[PDB]
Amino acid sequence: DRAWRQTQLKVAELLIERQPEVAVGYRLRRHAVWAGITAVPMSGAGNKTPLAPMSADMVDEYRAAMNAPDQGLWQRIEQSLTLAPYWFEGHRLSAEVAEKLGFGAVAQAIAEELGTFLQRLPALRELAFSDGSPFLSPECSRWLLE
């Protein structure tokens, strides 16, 4: 399973490099990252999991850059999503970058894949990182619904 995850991520990287505008490489990366998750993370009071939040400075850098997105930025957001599986805000940014680069079909696939994931594991919508920041903000939640 660990090696399979790696095989899927390498194949996804190759698909994405070759055709940034094609959805399937992006979908395969989501499967690689998420398919192994069958139980939601344990949590204490307030549904706070003992998992580190994304660095808010790292997140502010990506936010800043959305005024002029490029592949470099998009790659960093994607890499962050692969390292931080519950950072759902990253999928919203990623789809926003896709949309701004003219990759409509990829933006849509990114929304759908997060929707599918959350349909399988709905309890994830209620959980937070160790600092009380939500996996899924009310903004990301509304974005997904829309």
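All residue numbers are counted from 1 along the displayed sequence.
The deposited model assigns a higher average Cα B-factor to 60 to 68 than to the other stretch when 60 to 68 and 76 to 84 are compared. When the mean C-alpha temperature factors of 120 to 128 and 14 to 22 are read from the deposited coordinates, 14 to 22 comes out higher. Among 53, 90, 115, 102, the highest C-alpha B-factor recorded in the PDB entry belongs to 102.
Sort the modelled residues of the chain by CA B factor and residue 46 lands in the highest third. In the PDB entry, a CA B factor belonging to the highest third of its chain's modelled residues is recorded for residue 98.
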